[PDB]
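Novice: I have a structure I would like to understand better, so I am pasting it below and will then ask my questions one at a time.
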Amino acid sequence: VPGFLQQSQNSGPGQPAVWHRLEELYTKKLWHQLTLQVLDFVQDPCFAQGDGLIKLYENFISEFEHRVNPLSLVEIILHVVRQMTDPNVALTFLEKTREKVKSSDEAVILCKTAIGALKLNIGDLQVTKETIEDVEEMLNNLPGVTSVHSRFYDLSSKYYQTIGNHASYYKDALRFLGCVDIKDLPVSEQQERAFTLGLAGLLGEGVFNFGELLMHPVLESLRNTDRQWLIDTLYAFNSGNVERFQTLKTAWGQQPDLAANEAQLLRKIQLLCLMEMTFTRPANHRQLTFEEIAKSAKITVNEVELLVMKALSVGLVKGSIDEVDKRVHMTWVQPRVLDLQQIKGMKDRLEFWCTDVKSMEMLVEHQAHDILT
Amino acid sequence: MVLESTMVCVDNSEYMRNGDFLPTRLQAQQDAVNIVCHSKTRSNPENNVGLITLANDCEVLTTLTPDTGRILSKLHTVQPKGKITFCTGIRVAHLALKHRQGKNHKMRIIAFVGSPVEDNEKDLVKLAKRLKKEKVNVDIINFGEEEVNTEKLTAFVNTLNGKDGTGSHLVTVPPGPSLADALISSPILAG
Amino acid sequence: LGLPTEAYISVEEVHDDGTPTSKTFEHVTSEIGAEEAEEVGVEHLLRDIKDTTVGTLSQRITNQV
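Residue numbers (the authors' numbering), protein chains in the order written: chain a, 4 to 376; chain b, 1 to 191; chain Z, 131 to 195.
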């Protein structure tokens with residue numbers, strides 16, 4: 004047992020000192036107090052090349068261990084697989100670990116996520132889709148652990164970007180933010196993951212709510228002055244500004260993956276222009292004429308008809324079309340966010356309404372005094 | 001005897017499952033209770049025992065009950081997982097005494113401390129402060145090889161017994177595989 | 131003036147806005163019932179006030195006001 008440390012004790016400054024402490028913990032037969040420091044043993048190697056040989060020591064203990072916490076065990080195994088890098092047997096290794104961990108709190112979830120990572124740069128049709136859907140064990144989630152939630156969503160965070168559907172990426176990549184992430188990640192990464200998420204926003208088929216992403220407390224705050232075109236464009240979509248979008252194309256950063264979809268992008272903002280145009284109008288008028296819509300979205304008069312139907316088809320506005328006087332009625336524009344001033348105005352409409360209902364109460368109570376009690 | 005009611009405070013922390021005594025500190029705990037609950041009974045043929053977990057939050061298994069087998073059977077399926085919240089642990093046992101059977105039973109709770117204890121003093125004095133106000137003496141038994149002598153409870157137990165308040169005492173065990181056995185004798189003997 | 135019986139049921143859904151652990155109650159409409167045996171006692175126990183001649187008088191007061 005002690006022989007291994009002899010050849011492994013010459014690995015850096017202070018290395019042999021750590022083992023001597025480690026040996027005593029083994030003698031006492033406890034494992035957890037020996038379990039936490041191993042995590043300190045993964046970041047120790049600058050190259051982390053020889054740390055993969057500790058398997059012989061773990062092999063005896065880990066084979067019939069059933070005493071070390073599997074969550075730590077999957078963490079411990081997953082760290083060793085990092086430098087091992089011969090996947091053929093790692094899967095057997097990774098499958099080997101999976102068969103030995105079935106605790107009440109599923110640690111296989113972390114093991115399954117490790118499976119996909121081993122399949123990272125290979126397969127896109129059914130290589131991982133089979134695993135990820137199966138990985139959805141979260142029924143009986145008992146949320147709060149969330150240790151594996153970050154890993155699962157990250158793994159899913161990479162599938163949908165390798166399949167090209169920039170809609171599920173937003174749906175899941177958002178789930179990662181707000182998980183155990185607790186932000187405070189590498190600032191470069193923080194800005195790195197805001198760009199990727201933001202672009203996914205204005206590239207999807209159902210992502211029309213650019214009111215939460217624009218005010219997302221996490222992502223859109225590590226980008227104030229490094230590349231503001233993405234934040235400016237997000238304000239462009241939330242305001243339904245086609246003019247402010249056609250004059251910013253010249254400032255489109257990372258043109259690939261966003262320049263290819265030049266018509267999908269224009270059909271997204273174009274739809275929102277008819278949206279944050281019904282909102283502005285008071286409910287009384289709401290008589291958007293055909294010309295008044297084409298001008299504000301940069302369409303010809305003979306084409307606005309397909310725009311209104313597109314908005315109604317998705318379910319985002321409600322109304323009817325009258326192609327006799329060239330009018331479009333709107334009755335319900337999907338609610339959006341109001342920061343702090345349109346909410347004060349909402350207070351006014353309740354004061355002017357509570358006082359009106361108040362008056363009609365005493366009117367009946369006073370002229371119906373006999374009929375009461 | 002003396003119509004006593006004890007409310008056992010079991011431990012199930014994740015680092016509590018290492019077998020530095022013999023059959024891991026899970027059977028070591030189960031044998032420990034057996035030698036107390038039965039010892040707790042057999043003196044007055046009307047006693048009462050209740051096991052409470054010190055897991056992440058309020059986890060109570062069996063309430064005030066004269067039976068003896070329920071606690072033992074309920075001890076199983078108690079596989080340790082998580083941290084220990086001592087400060088908010090005794091109070092949960094504290095309420096159990098308040099809502100007891102016929103109140104003519106003397107109230108005491110024996111602690112089953114273990115995997116690394118967490119406390120900030122000061123508050124612990126308040127924790128011991130209240131219990132010492134209301135006809136309550138606690139029995140924290142040092143176990144699981146916490147910091148030597150556990151010089152955080154030391155400021156705790158003395159508060160209850162302070163001012164010549166003879167009662168329960170702190171009991172420690174050698175870090176070596178010292179079998180639990182009848183080693184627990186300070187409270188049972190006369191306290 | 132309102133009914134003193136609010137009945138809530140537990141409904142689960144986790145989101146990224148509130149907290150990682152999301153579980154909130156959803157309201158179910160509740161009204162005061164009556165069984166044949168209970169109604170006999172309940173009305174006997176009151177003998178205090180009743181909307182006698184339940185017509186246009188009770189409606190103008192029991193639902194409108």
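Backbone N, C-alpha and C fix where the C-beta goes; we use that ideal spot for every residue, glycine too.
Please state whether DSSP places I188/b in a helix, a strand or coil.
Specialist: Sequence index remark: in the second sequence, residue 188/b carries index 188 (1-based). Correct three-state label for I188/b: helix.
Novice: In the DSSP output, what is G82/b paired with across the bridge?
Specialist: As a working note, residue 82/b is residue 82 in the second sequence. BP columns for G82/b are empty, so no partner.
Novice: Tell me the start and end of each unbroken alpha helix (DSSP H) in the stretch 52-119 of chain b that is at least 4 residues and wholly inside, in chain order.
Specialist: 69-75 and 87-98, all fully within the stretch 52-119 of chain b.
Novice: Mapping the DSSP letters down to three states, classify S159/a as helix, strand or coil.
Specialist: The residue given as residue 159/a occupies position 156 in the first sequence. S159/a falls in the helix class under three-state DSSP.
Novice: Tell me, to the nearest whole angstrom, how far the beta carbon of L268/a is from that of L310/a; I am working on the premise that it is less than 8 Å.
Specialist: The count along the first sequence starts at 1 and reaches residue 268/a at position 265. The count along the first sequence starts at 1 and reaches residue 310/a at position 307. That pair is no contact at about 15 Å.
Novice: For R196/a, return the contacting residues in chain Z, with the cut-off set at a CB-CB distance below 7 Å.
Specialist: The count along the first sequence starts at 1 and reaches residue 196/a at position 193. Correct list: empty, because the minimum Cβ distance to chain Z is about 14 Å.
Novice: For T62/b, which residues of its own chain have a beta-carbon under 6 Å away from its beta-carbon, when the five flanking residues on both sides are left out?
Specialist: One-based indexing of the second sequence puts residue 62/b at position 62. Closer than 6 Å at the Cβ level, and outside the excluded window around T62/b, lie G50, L51, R70, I71 and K74.
Novice: When the cut-off is 8 Å and only beta carbons count, does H35/a lie next to chain b?
Specialist: Along the first sequence, read from residue 1 onward, the residue named residue 35/a stands at position 32. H35/a counts as touching chain b.
Novice: Run down chain b in chain order and give the residues with a C-beta less than 8 Å from the C-beta of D108/a.
Specialist: Counting from 1 along the first sequence, the entry for residue 108/a is found at position 105. Within chain b, the residues near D108/a are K81.
Novice: How many Å lie between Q12/a and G6/a at the Cα?
Specialist: Stepping through the first sequence from its first residue, residue 12/a is reached at position 9. Stepping through the first sequence from its first residue, residue 6/a is reached at position 3. Rounded to the nearest angstrom, the two C-alpha atoms are 10 Å apart.
Novice: Round the Cβ separation of residue 208/b and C9/b to the nearest angstrom and send it over; I've been treating them as touching at under 8 Å.
Specialist: Outside the shown range of chain b (1 to 191) lies residue 208/b, about which nothing can therefore be said.
Novice: Output yes if chain b places a C-beta closer than 8 Å to the C-beta of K105/a; else output no.
Specialist: Along the first sequence, read from residue 1 onward, the residue named residue 105/a stands at position 102. It does not; no Cβ of chain b falls within 8 Å.
Novice: Taking 8 Å as the threshold (beta carbon to beta carbon), is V170/Z in contact with chain a?
Specialist: By one-based count along the third sequence, residue 170/Z stands at place 40. Not one chain a Cβ lies under 8 Å of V170/Z.
Novice: Around the Cβ of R101/a, are there at least 16 other Cβ atoms within 10 angstroms (buried) or fewer (exposed)?
Specialist: Indexing the first sequence from 1 puts residue 101/a at position 98. It is buried - the Cβ of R101/a has at least 16 other Cβ atoms within 10 Å.
Novice: Just to check my reading of the structure: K329/a and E294/a have Cβ atoms closer than 8 Å, yes? What is that Cβ distance to the nearest angstrom?
Specialist: In the first sequence, counting from the first residue as 1, residue 329/a sits at position 326. In the first sequence, counting from the first residue as 1, residue 294/a sits at position 291. The Cβ separation is near 7 Å, so the contact holds.
Novice: List, in chain order, every chain a residue whose beta-carbon is nearer than 8 Å to that of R17/b.
Specialist: Locating residue 17/b in the second sequence gives position 17, where the first residue counts as 1. Simply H35 and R70.
Novice: Can you pull the chain Z neighbours of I374/a, defined as C-beta to C-beta under 8 Å?
Specialist: The count along the first sequence starts at 1 and reaches residue 374/a at position 371. Ordered by position in chain Z, the residues that pass the 8 Å Cβ test against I374/a are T186, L187, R190 and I191.
Novice: Per the DSSP calculation, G243/a is bridged to which residue(s)?
Specialist: The residue labelled residue 243/a in the question sits at position 240 within the first sequence. Answer is none; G243/a lacks a bridge partner.
Novice: Less than 8 Å separating the beta-carbons of residue 3/a and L97/a?
Specialist: With chain a covering 4 to 376 only, the question about residue 3/a has no answer from this structure.
Novice: Measuring CA to CA, which of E68/a, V221/a, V83/a and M278/a is closest to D187/a?
Specialist: Counted from its first residue, the first sequence places residue 187/a at position 184. Minimum Cα distance to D187/a is reached at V221/a.
Novice: In whole angstroms, give me the CA-to-CA distance for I64/a and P177/b.
Specialist: To locate residue 64/a, count along the first sequence from 1; it is residue 61. To locate residue 177/b, count along the second sequence from 1; it is residue 177. Whole-angstrom Cα-Cα distance: 20 Å.
Novice: Give me, in chain order, the residues of the same chain whose beta-carbon lies closer than 8 Å to that of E109/a; leave out the 5 immediate sequence neighbours on both sides.
Specialist: Position 106 of the first sequence, counted from the start, is the residue given in the question as residue 109/a. Excluding residues within five positions, the ones whose Cβ falls inside 8 Å are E140.
Novice: Taking just the CA atoms, how far does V104/a sit from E14/b?
Specialist: One-based indexing of the second sequence puts residue 14/b at position 14. One-based indexing of the first sequence puts residue 104/a at position 101. Spanning the two alpha carbons is a distance of roughly 16 Å.
Novice: How would you list, in chain order, the residues of chain Z whose beta-carbon sits under 8 Å from the beta-carbon of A371/a?
Specialist: Walking along the first sequence from the start, residue 371/a turns up at place 368. The answer, in chain order, is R190, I191 and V195.
Novice: What does the alpha-carbon distance come out to for the pair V340/a and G201/a?
Specialist: Locating residue 340/a in the first sequence gives position 337, counting from the first residue. Locating residue 201/a in the first sequence gives position 198, counting from the first residue. Computed Cα separation, rounded: 18 Å.
Novice: Taking the CB atoms as reference points, tell me whether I90/b and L127/b lie closer together than 8 Å.
Specialist: For the purposes of this step, residue 90/b is taken as residue 90 along the second sequence, with counting starting at 1. For the purposes of this step, residue 127/b is taken as residue 127 along the second sequence, with counting starting at 1. Cβ distance < 8 Å, so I90/b and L127/b count as in contact.
Novice: Check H38/b in the structure and name its three-state DSSP category.
Specialist: Counting from one through the second sequence, the residue named residue 38/b turns up at place 38. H38/b: helix per DSSP, three-state reduction.
Novice: Strictly below 8 Å CB to CB, what residues from chain a border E147/b?
Specialist: In the second sequence, the residue the question calls residue 147/b occupies position 147. What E147/b touches in chain a: nothing, since even the nearest Cβ is about 12 Å away.
Novice: If we count Cβ pairs, one from each stretch, closer than 8 Å, do we get three or more for the stretch 243-257 of chain a versus the stretch 274-291 of chain a?
Specialist: With the cut-off at 8 Å, the stretch 243-257 of chain a and the stretch 274-291 of chain a touch.
Novice: In three-state terms, what does DSSP make of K153/Z?
Specialist: If you number the third sequence from 1, residue 153/Z lands on position 23. Three-state result, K153/Z: strand.
Novice: Please name the residues in the stretch 176-195 of chain a whose beta-carbon is closer than 8 Å to at least one beta-carbon of chain Z, in chain order.
Specialist: Listed in sequence order: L177, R178, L180, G181, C182 and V183.
Novice: Compare the C-beta of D31/b with all C-beta atoms of chain a and state if any pair is closer than 8 Å.
Specialist: Translated into the one-based positions of the second sequence, residue 31/b becomes position 31. No, no contact with chain a.
Novice: Closer than 7 Å by C-beta to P90/a: which residues in its own chain qualify, once you throw out the five before and the five after it? Chain order, please.
Specialist: Numbered from its first residue, the first sequence carries residue 90/a at position 87. These residues qualify, in order along the chain: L121.
Novice: Against chain Z, which members of the stretch 234-268 of chain a pass a CB distance test of less than 7 Å?
Specialist: Listed by position along the chain: nothing, the set is empty.
Novice: How about the stretch 151-160 of chain b and the stretch 149-168 of chain Z: do they share at least three Cβ pairs that are nearer than 8 Å?
Specialist: No: fewer than three Cβ pairs fall under 8 Å.
Novice: What is the DSSP secondary structure of residue 401/a, reduced to helix, strand or coil?
Specialist: One cannot answer for residue 401/a here, as it falls past the ends of chain a, which runs 4 to 376.
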